[PDB]
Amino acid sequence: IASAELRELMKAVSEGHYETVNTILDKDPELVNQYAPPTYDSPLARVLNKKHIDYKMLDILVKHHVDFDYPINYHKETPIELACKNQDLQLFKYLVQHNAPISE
């Protein structure tokens, strides 16, 4: 399994604990982009996994230097690939405005 610290962060993200997540990432910034193949579970995956995305939580991850270049689910989809699969222009636009890469 992943570290207790990463599991603690991911739980706080899933639970919508904005202030706790902010504090964890202030104190332990290197957690922000840690992902676990083959599920690709990660702080970001906990946000993007949801049919209705919590953009406050996504903004918090962005403030703490989350990136959008690694896969975010067990399909090995990047954030942009997920947006494409879901035909979600809201997510597409957010990702583009945050320099997310687009695969070929």
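Numbering starts at 1 and runs along the sequence shown.
Visitor: Averaging the C-alpha B factors as listed in the entry, name the stretch that ends up higher: 95 to 103 or 1 to 9.
Guide: Higher of the two, by average CA B-factor, is 1 to 9.
Visitor: Out of 54, 67, 30, 41, whose C-alpha atom has the biggest B factor in the entry?
Guide: That would be 30.
Visitor: Could you say whether, by C-alpha temperature factor, residue 26 belongs to the lowest, middle or highest third of its chain?
Guide: Its C-alpha B-factor, which the entry lists for residue 26, ranks in the highest third among residues of this chain.
Visitor: Going by the recorded CA B-factors, say which third of the chain residue 58 sits in, lowest, middle or highest.
Guide: As the PDB entry reports it, the C-alpha B-factor of residue 58 lands in the lowest third of its chain.
Visitor: In terms of the CA temperature factor given in the entry, to which third of its chain does residue 47 belong: lowest, middle or highest?
Guide: Its C-alpha B-factor, which the entry lists for residue 47, ranks in the lowest third among residues of this chain.
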